[PDB]
$ cat start07.cif   # mmCIF, C-alpha atoms
data_target
loop_
_atom_site.label_atom_id
_atom_site.label_comp_id
_atom_site.auth_asym_id
_atom_site.auth_seq_id
_atom_site.Cartn_x
_atom_site.Cartn_y
_atom_site.Cartn_z
CA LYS A 1 -25.84 36.32 -16.05
CA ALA A 2 -27.98 39.18 -17.35
CA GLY A 3 -31.13 38.76 -15.27
CA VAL A 4 -30.57 40.65 -12.02
CA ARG A 5 -32.93 38.87 -9.64
CA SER A 6 -33.25 42.03 -7.56
CA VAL A 7 -32.03 45.59 -8.06
CA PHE A 8 -31.47 47.94 -5.12
CA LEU A 9 -32.47 51.59 -5.67
CA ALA A 10 -31.95 54.58 -3.37
CA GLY A 11 -31.93 58.37 -3.51
CA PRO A 12 -30.17 61.29 -1.76
CA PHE A 13 -32.88 61.00 0.89
CA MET A 14 -32.10 63.24 3.86
CA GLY A 15 -29.87 65.08 1.40
CA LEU A 16 -32.28 65.54 -1.51
CA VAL A 17 -34.81 66.16 1.23
CA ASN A 18 -34.64 68.31 4.36
CA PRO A 19 -32.49 67.28 7.36
CA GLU A 20 -35.05 64.70 8.50
CA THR A 21 -38.07 66.30 6.86
CA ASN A 22 -40.32 65.88 3.82
CA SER A 23 -39.63 67.63 0.52
CA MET A 24 -38.83 64.95 -2.03
CA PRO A 25 -39.34 65.83 -5.72
CA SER A 26 -42.26 64.02 -7.33
CA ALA A 27 -40.47 64.25 -10.68
CA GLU A 28 -37.70 62.32 -8.91
CA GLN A 29 -39.69 59.54 -7.28
CA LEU A 30 -41.71 59.21 -10.47
CA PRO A 31 -38.56 58.50 -12.50
CA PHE A 32 -37.61 55.93 -9.91
CA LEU A 33 -40.99 54.40 -10.63
CA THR A 34 -40.24 54.15 -14.34
CA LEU A 35 -36.81 52.62 -13.77
CA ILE A 36 -38.03 50.54 -10.83
CA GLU A 37 -40.77 49.44 -13.21
CA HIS A 38 -38.47 48.05 -15.88
CA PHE A 39 -36.81 46.41 -12.91
CA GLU A 40 -39.90 44.61 -11.63
CA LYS A 41 -40.82 44.17 -15.29
CA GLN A 42 -37.72 42.32 -16.48
CA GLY A 43 -37.44 40.41 -13.19
CA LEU A 44 -35.31 42.73 -11.06
CA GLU A 45 -36.96 43.01 -7.64
CA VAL A 46 -36.32 46.59 -6.58
CA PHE A 47 -35.07 46.67 -2.99
CA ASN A 48 -34.02 49.49 -0.66
CA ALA A 49 -36.34 52.22 -1.98
CA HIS A 50 -39.38 53.03 0.16
CA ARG A 51 -41.85 53.82 -2.61
CA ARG A 52 -44.97 54.03 -0.45
CA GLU A 53 -43.38 56.09 2.31
CA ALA A 54 -41.34 57.73 -0.43
CA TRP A 55 -44.68 58.75 -1.91
CA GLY A 56 -46.61 59.39 1.30
CA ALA A 57 -44.01 60.34 3.91
CA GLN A 58 -40.49 59.78 2.57
CA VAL A 59 -37.48 60.75 4.68
CA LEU A 60 -38.15 57.78 6.93
CA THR A 61 -36.34 57.50 10.23
CA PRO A 62 -32.97 55.92 11.08
CA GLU A 63 -34.81 53.15 12.92
CA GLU A 64 -36.27 52.41 9.49
CA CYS A 65 -34.08 53.69 6.67
CA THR A 66 -30.91 52.45 8.36
CA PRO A 67 -32.18 48.91 9.13
CA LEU A 68 -33.85 48.61 5.73
CA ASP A 69 -31.06 50.27 3.79
CA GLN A 70 -28.43 47.91 5.20
CA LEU A 71 -30.68 44.85 5.18
CA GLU A 72 -31.66 45.75 1.64
CA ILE A 73 -28.02 46.42 0.81
CA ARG A 74 -27.25 42.74 1.42
CA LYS A 75 -30.80 41.64 0.57
CA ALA A 76 -30.44 43.18 -2.89
CA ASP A 77 -28.85 41.23 -5.75
CA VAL A 78 -27.37 44.21 -7.57
CA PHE A 79 -26.72 47.64 -6.07
CA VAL A 80 -28.42 50.28 -8.22
CA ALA A 81 -28.82 53.82 -6.90
CA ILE A 82 -28.96 57.46 -7.97
CA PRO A 83 -26.53 60.17 -6.88
CA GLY A 84 -28.58 63.29 -6.89
CA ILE A 85 -26.13 65.77 -5.36
CA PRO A 86 -25.76 66.99 -2.81
CA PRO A 87 -23.73 63.80 -2.26
CA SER A 88 -26.79 61.68 -1.53
CA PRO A 89 -26.21 61.10 2.22
CA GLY A 90 -28.50 58.10 2.56
CA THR A 91 -27.39 56.65 -0.75
CA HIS A 92 -23.66 57.25 -0.32
CA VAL A 93 -23.75 55.53 3.06
CA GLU A 94 -25.64 52.80 1.24
CA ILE A 95 -22.95 53.10 -1.42
CA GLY A 96 -19.93 52.80 0.85
CA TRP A 97 -22.06 50.07 2.35
CA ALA A 98 -22.14 48.26 -0.96
CA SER A 99 -18.39 48.80 -0.96
CA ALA A 100 -17.71 46.69 2.14
CA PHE A 101 -20.89 44.74 1.52
CA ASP A 102 -19.24 43.58 -1.70
CA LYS A 103 -22.63 43.61 -3.41
CA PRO A 104 -22.27 44.82 -7.03
CA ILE A 105 -22.87 48.52 -7.66
CA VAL A 106 -24.30 50.75 -10.36
CA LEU A 107 -25.23 54.38 -9.85
CA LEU A 108 -27.21 56.61 -12.15
CA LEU A 109 -24.63 59.36 -12.40
CA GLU A 110 -26.45 62.69 -12.35
CA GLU A 111 -24.87 64.39 -15.34
CA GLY A 112 -23.18 67.08 -13.25
CA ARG A 113 -24.00 65.86 -9.75
CA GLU A 114 -22.33 62.51 -10.30
CA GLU A 115 -19.39 64.79 -10.93
CA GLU A 116 -19.90 66.60 -7.63
CA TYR A 117 -19.88 63.15 -6.01
CA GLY A 118 -16.60 61.83 -7.38
CA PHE A 119 -15.38 61.32 -3.83
CA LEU A 120 -16.84 57.90 -3.05
CA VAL A 121 -18.82 57.42 -6.20
CA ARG A 122 -15.73 57.62 -8.34
CA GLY A 123 -13.58 56.11 -5.60
CA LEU A 124 -16.04 53.20 -5.52
CA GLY A 125 -15.90 52.89 -9.29
CA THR A 126 -12.18 52.20 -9.01
CA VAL A 127 -12.13 50.17 -5.77
CA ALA A 128 -15.24 47.97 -6.05
CA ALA A 129 -17.66 46.73 -8.70
CA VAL A 130 -19.07 50.21 -9.14
CA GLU A 131 -20.48 51.29 -12.49
CA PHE A 132 -21.10 54.92 -13.44
CA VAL A 133 -24.15 55.60 -15.58
CA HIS A 134 -24.99 59.24 -16.24
CA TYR A 135 -28.70 59.75 -16.86
CA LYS A 136 -30.21 62.83 -18.49
CA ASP A 137 -33.48 60.96 -18.96
CA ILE A 138 -34.47 57.84 -17.05
CA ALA A 139 -36.07 56.97 -20.37
CA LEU A 140 -32.50 56.46 -21.59
CA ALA A 141 -31.10 55.46 -18.20
CA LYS A 142 -33.15 52.28 -17.76
CA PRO A 143 -31.32 50.91 -20.84
CA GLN A 144 -28.00 52.65 -20.20
CA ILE A 145 -27.86 51.64 -16.56
CA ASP A 146 -29.30 48.26 -17.54
CA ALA A 147 -26.46 47.77 -20.01
CA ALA A 148 -23.80 48.81 -17.52
CA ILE A 149 -25.81 46.72 -15.08
CA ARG A 150 -25.47 43.43 -16.93
CA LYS A 151 -22.10 44.55 -18.25
CA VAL A 152 -20.63 45.50 -14.89
CA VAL A 153 -22.40 42.58 -13.23
CA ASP A 154 -20.96 40.22 -15.82
CA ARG A 155 -17.47 41.68 -15.48
CA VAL A 156 -17.64 41.19 -11.71
CA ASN A 157 -19.62 37.93 -11.73
CA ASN A 158 -17.81 36.01 -14.45
CA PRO A 159 -14.12 34.97 -14.25
CA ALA A 160 -11.50 37.65 -13.64
CA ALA A 161 -8.27 35.87 -14.53
CA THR A 162 -7.92 33.62 -17.57
CA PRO A 163 -10.89 31.65 -19.04
CA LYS B 1 -10.17 45.61 26.33
CA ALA B 2 -9.72 49.34 26.84
CA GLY B 3 -6.65 49.99 24.70
CA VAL B 4 -7.90 50.62 21.17
CA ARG B 5 -4.84 49.72 19.12
CA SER B 6 -5.97 52.11 16.39
CA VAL B 7 -8.80 54.64 16.16
CA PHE B 8 -10.26 55.74 12.80
CA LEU B 9 -11.15 59.44 12.45
CA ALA B 10 -12.96 61.22 9.60
CA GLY B 11 -14.81 64.46 8.88
CA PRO B 12 -17.70 65.67 6.67
CA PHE B 13 -15.05 66.11 3.98
CA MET B 14 -16.61 67.03 0.64
CA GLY B 15 -19.60 67.98 2.78
CA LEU B 16 -17.88 70.19 5.38
CA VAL B 17 -15.81 71.36 2.43
CA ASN B 18 -16.84 72.39 -1.08
CA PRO B 19 -18.05 69.85 -3.66
CA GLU B 20 -14.52 68.65 -4.38
CA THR B 21 -12.73 71.80 -3.29
CA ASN B 22 -10.74 73.20 -0.36
CA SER B 23 -12.38 75.09 2.50
CA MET B 24 -11.88 73.00 5.63
CA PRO B 25 -12.09 74.78 9.02
CA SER B 26 -8.73 75.06 10.75
CA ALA B 27 -10.61 75.08 14.04
CA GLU B 28 -11.99 71.71 12.94
CA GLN B 29 -8.81 69.96 11.85
CA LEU B 30 -7.03 71.38 14.89
CA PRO B 31 -9.54 69.70 17.22
CA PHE B 32 -8.99 66.48 15.32
CA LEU B 33 -5.33 67.02 16.18
CA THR B 34 -6.07 67.27 19.88
CA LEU B 35 -8.28 64.18 19.83
CA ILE B 36 -6.08 62.35 17.34
CA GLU B 37 -3.27 63.25 19.75
CA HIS B 38 -4.77 61.57 22.81
CA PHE B 39 -5.27 58.69 20.40
CA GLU B 40 -1.64 58.36 19.33
CA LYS B 41 -0.79 59.23 22.93
CA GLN B 42 -2.74 56.48 24.69
CA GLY B 43 -1.87 54.00 21.96
CA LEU B 44 -4.70 54.46 19.46
CA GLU B 45 -3.23 54.72 15.98
CA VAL B 46 -5.48 57.22 14.23
CA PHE B 47 -6.39 55.87 10.80
CA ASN B 48 -8.52 57.28 7.98
CA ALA B 49 -7.89 61.01 8.48
CA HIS B 50 -5.48 62.64 6.04
CA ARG B 51 -3.87 65.14 8.40
CA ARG B 52 -1.11 66.36 6.09
CA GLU B 53 -3.38 66.71 3.06
CA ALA B 54 -6.14 67.71 5.47
CA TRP B 55 -3.78 70.53 6.45
CA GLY B 56 -2.21 71.31 3.09
CA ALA B 57 -4.80 70.28 0.50
CA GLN B 58 -7.69 68.42 2.14
CA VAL B 59 -10.66 67.29 0.07
CA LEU B 60 -8.52 64.59 -1.50
CA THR B 61 -9.80 62.77 -4.53
CA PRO B 62 -11.94 59.63 -4.81
CA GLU B 63 -8.92 57.72 -6.11
CA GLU B 64 -7.47 58.56 -2.71
CA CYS B 65 -10.13 59.24 -0.08
CA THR B 66 -12.24 56.32 -1.28
CA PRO B 67 -9.39 53.74 -1.36
CA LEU B 68 -7.93 55.03 1.90
CA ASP B 69 -11.28 55.52 3.62
CA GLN B 70 -12.35 51.94 2.93
CA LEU B 71 -8.91 50.43 3.51
CA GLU B 72 -8.70 52.49 6.67
CA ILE B 73 -12.22 51.44 7.59
CA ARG B 74 -11.08 47.83 7.86
CA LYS B 75 -7.51 48.84 8.68
CA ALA B 76 -8.74 50.71 11.74
CA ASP B 77 -9.37 48.88 15.01
CA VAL B 78 -12.17 51.14 16.24
CA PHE B 79 -14.31 53.39 14.04
CA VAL B 80 -14.22 56.91 15.46
CA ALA B 81 -15.53 59.81 13.38
CA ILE B 82 -17.20 63.20 13.62
CA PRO B 83 -20.59 64.09 12.10
CA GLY B 84 -20.31 67.75 11.34
CA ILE B 85 -23.58 68.30 9.46
CA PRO B 86 -24.34 68.62 6.71
CA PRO B 87 -24.54 64.80 7.00
CA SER B 88 -20.81 64.28 6.59
CA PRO B 89 -20.83 62.70 3.09
CA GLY B 90 -17.35 61.20 3.20
CA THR B 91 -17.79 60.17 6.81
CA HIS B 92 -21.32 58.77 6.55
CA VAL B 93 -20.22 56.58 3.65
CA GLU B 94 -17.34 55.61 5.88
CA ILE B 95 -19.97 55.15 8.57
CA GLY B 96 -22.34 52.94 6.59
CA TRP B 97 -19.09 51.27 5.64
CA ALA B 98 -18.35 50.56 9.27
CA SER B 99 -21.88 49.19 9.33
CA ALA B 100 -21.29 46.40 6.81
CA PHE B 101 -17.61 46.41 7.69
CA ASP B 102 -18.67 45.36 11.17
CA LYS B 103 -15.81 47.40 12.64
CA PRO B 104 -16.89 49.06 15.92
CA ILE B 105 -18.19 52.61 15.66
CA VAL B 106 -18.16 55.78 17.71
CA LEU B 107 -19.08 59.19 16.35
CA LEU B 108 -18.54 62.54 18.01
CA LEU B 109 -22.13 63.70 17.80
CA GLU B 110 -22.13 67.39 16.93
CA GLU B 111 -24.56 68.71 19.54
CA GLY B 112 -27.22 69.73 17.03
CA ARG B 113 -25.69 68.32 13.85
CA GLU B 114 -25.55 64.79 15.19
CA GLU B 115 -29.26 65.48 15.48
CA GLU B 116 -29.50 66.50 11.84
CA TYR B 117 -27.79 63.19 11.04
CA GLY B 118 -30.09 60.80 12.85
CA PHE B 119 -30.73 59.00 9.59
CA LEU B 120 -27.77 56.63 9.49
CA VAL B 121 -25.94 57.87 12.53
CA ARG B 122 -28.86 57.01 14.78
CA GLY B 123 -29.86 54.12 12.53
CA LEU B 124 -26.31 52.81 12.97
CA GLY B 125 -26.51 53.28 16.72
CA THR B 126 -29.40 50.83 16.84
CA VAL B 127 -28.28 48.40 14.12
CA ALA B 128 -24.52 48.12 14.66
CA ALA B 129 -21.95 48.81 17.37
CA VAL B 130 -22.42 52.55 16.96
CA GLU B 131 -21.89 54.89 19.91
CA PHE B 132 -23.15 58.48 20.00
CA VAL B 133 -20.92 60.99 21.76
CA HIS B 134 -22.00 64.62 21.53
CA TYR B 135 -19.03 66.97 21.80
CA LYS B 136 -19.27 70.67 22.62
CA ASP B 137 -15.54 70.75 23.27
CA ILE B 138 -13.06 68.17 22.04
CA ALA B 139 -11.42 68.92 25.37
CA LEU B 140 -14.37 67.08 26.90
CA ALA B 141 -14.91 64.82 23.91
CA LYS B 142 -11.56 63.03 24.05
CA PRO B 143 -12.68 61.62 27.44
CA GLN B 144 -16.38 61.34 26.64
CA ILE B 145 -15.82 59.65 23.31
CA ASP B 146 -12.97 57.69 24.91
CA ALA B 147 -15.33 56.43 27.61
CA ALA B 148 -18.06 55.51 25.14
CA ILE B 149 -15.17 54.15 23.09
CA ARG B 150 -13.96 51.61 25.64
CA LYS B 151 -17.51 51.23 26.90
CA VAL B 152 -19.10 50.58 23.51
CA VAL B 153 -16.05 48.59 22.42
CA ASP B 154 -16.29 46.46 25.56
CA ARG B 155 -20.01 45.90 25.10
CA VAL B 156 -19.43 44.78 21.51
CA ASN B 157 -16.13 42.99 22.13
CA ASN B 158 -16.89 41.04 25.30
CA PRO B 159 -19.64 38.36 25.58
CA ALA B 160 -23.21 39.25 24.61
CA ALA B 161 -25.19 36.36 26.08
CA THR B 162 -24.56 34.95 29.55
CA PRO B 163 -21.08 35.02 31.19
#
$ encode --input "start07.cif" --output "structure tokens"
Amino acid sequence: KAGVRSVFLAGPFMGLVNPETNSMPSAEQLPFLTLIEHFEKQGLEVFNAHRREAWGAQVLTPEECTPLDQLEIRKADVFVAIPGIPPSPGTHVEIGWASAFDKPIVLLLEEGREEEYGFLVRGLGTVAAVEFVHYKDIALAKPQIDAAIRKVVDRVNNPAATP
Amino acid sequence: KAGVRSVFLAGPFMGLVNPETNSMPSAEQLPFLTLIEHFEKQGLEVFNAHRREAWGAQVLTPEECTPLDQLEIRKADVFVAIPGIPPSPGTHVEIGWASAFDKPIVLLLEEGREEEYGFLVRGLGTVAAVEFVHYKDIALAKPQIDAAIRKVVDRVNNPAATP
């Protein structure tokens, strides 16, 4: 229904950051905290993300981000990420993942970046349960993405043919 | 066995190219021709790639690259791509895809770039049937990747426990 038991959240990692280095925007992780908050607040366990490490030493390592990203991809109830052009490398992969994974999807289109994405973000929107929610202020995203979250989740969870 | 019925091949698309534009290296596509040749030559139907468009108007569009990339991901017998840092966006996604997809994997590590990847390329190497073949010359890759292709494919296709 409309009570995502667990929402997956990822960022452009490697991309947003340096090719396997540390340089993640605090104003970015913070936002994820706000959204991720409403998530753990309503009852949506936020998976994927690496908060801690994302706040102490983000840009994990393949032997960590890969295993957790994929495990979290299928361990997460609803796929919820954030573009963040460049074409979020970690996310995307986690996106295309959600594509084969089959796990619902919902990205926080980055008014502008989301546009740069298009490739698999848009392609995913048309091929698999992939919602596109532009966010110019997480303060408005939480609700926007949440609406397209329960809306897209309902459209892909409830019947598809005739009732 | 060692007769990949069809090999999937992709590039950093959007990444290697401009954010939804055209600027693909002829010296890059050409190589893909050589490799993709030995593929269609030995009996490995090269899927994914967009040759034509990749030679006339690459950087397809989500409504094309996404649907074909995913369909080709599961339509391809063996996943064979090429990093090409930046972290091939289109590929990666197609990579992570191959991760959940379960379809064998084999990337042509870009001596240096492949290193930049690490994130999901390496992460995939440890989590799923993902081989890492650095290539400083497709002329040597075809065979190198081909070896790690039948080798990795055999290791993931034949028994895993005791014989």
$ resolve_selection --input "start07.cif" --expression "the PyMOL selection byres ((chain A and resi 104-119) around 8)" --output "number ranges by chain"
A: 77-87, 95, 98, 102-103, 120-123, 128-136, 141, 145, 148-149, 152-153, 156; B: 14, 19-20, 60-63, 65-66, 90
$ resolve_selection --input "start07.cif" --expression "the PyMOL selection byres ((chain B and resi 46-59) around 9)" --output "ChimeraX atom specification"
/A:119 /B:5-11,13-14,17-24,26,29,32-33,36-37,39-40,44-45,60-61,65,68-73,75-77,79-80
$ atom_distance --input "start07.cif" --atom1 "CA of residue 158 in chain B" --atom2 "CA of residue 1 in chain B"
8.2 Å
$ residues_around --input "start07.cif" --residues "residue 139 in chain A" --least-positions-apart "2" --cutoff "8 Å" --atoms "all atoms listed in the file" --output "list in words"
residues 34, 35, 137, 141, 142 and 143 of chain A
$ closest_residue --input "start07.cif" --among "A:4, A:161, A:127, A:30" --to "chain B" --atoms "all atoms listed in the file"
A:127
$ axis_aligned_box --input "start07.cif" --around "range 37-49 of chain A" --padding-each-side "6 Å" --output "lines of an AutoDock Vina configuration file"
center_x = -37.4
center_y = 46.3
center_z = -8.6
size_x = 18.8
size_y = 23.8
size_z = 27.8
$ closest_residue --input "start07.cif" --among "B:27, B:16, B:2, B:99" --to "chain A" --atoms "only C-alpha atoms"
B:99
$ atom_distance --input "start07.cif" --atom1 "CA of residue 88 in chain B" --atom2 "CA of residue 151 in chain B"
24.4 Å
$ resolve_selection --input "start07.cif" --expression "the PyMOL selection byres ((chain B and resi 96) around 8)" --output "PyMOL selection string"
(chain A and resi 93-94+96-97) or (chain B and resi 92-95+97-100+120+124)
$ atom_distance --input "start07.cif" --atom1 "CA of residue 31 in chain B" --atom2 "CA of residue 3 in chain B"
21.3 Å
